[PDB]
C-alpha cells in the first residue's frame, strides 16, 4: 500500500485502552509488510536531564506495556535506574505511521527474566555473556574468542544477572497517521487515574 491516507477509524472513536490500538496497528503493519516494525527508538535520561537514545527491538506486548530485554549495566539500564522515565518511538515509512509510548520502564521478575533468556539462541547467549554492553571495548578479538569458547563448551549458559527485561508501561501514547492533504491524524492518550483521556491534535 501507500504511505499516506492509511485507514484509521479509531481516530474518531478510540478504544478505551491505548494498548488495544497499539496491537491493532502492529498487526496491520505486518499485513502491510512493514520492514522491522518492532524497531523502537528508546530514549532515556541521566540525572542531569541529558537524553540518550538507541534502537531496541521489543519482545512482546502484554496488557500493561511493551516488553524488552537489555543489559541493566548498559547506558540505558543505568539511566532507567536513575530516572525511570522513558519514551519509545515506532515509525513505519511504508504506512506513514508513528506511535509514541511514554512511560516508565518497570523491571520484570527474575522468573520472567529467565524465561526471556531461555527464548534466545546459544550464539546470542554466548555474545551476551561475553559482552558488558556499552562498557569500553578494549580487545575485540579477545571478546570474539571468549564468545566462541562459551559456545564450544556445549553447556547451558547461565543468565548473567545484568541480562534483564523491562516493561515500558505507558502514561501517554500518541498515534500519528500521515494524510496527503497534510492534516495528519493525531490521537493522544493520556492517563487519567484508572482511565484514559483522548485528544485529537493539530499537525
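Positions refer to the first chain, counted from 1.
A summary of the deposited B-factors shows that, of 151-159 and 63-71, the stretch with the larger mean C-alpha value is 151-159.
Averaged over Cα atoms, the B-factor as recorded in the entry is higher for 47-55 than for the other of 168-176 and 47-55. Across the residues 131, 98, 87, 113, the deposited record lists the maximum Cα B factor for 113. Remark: residue 77 belongs to the middle third of its chain, ranked by C-alpha B-factor as recorded. When the modelled residues of the chain are ordered by C-alpha B-factor, residue 38 sits in the lowest third. Among the modelled residues of its chain, residue 145 has a C-alpha B-factor that falls in the highest third according to the deposited record. In the PDB entry, a CA B factor belonging to the middle third of its chain's modelled residues is recorded for residue 198. In this PDB entry, the Cα temperature factor of residue 10 sits in the middle third of its chain's modelled residues.
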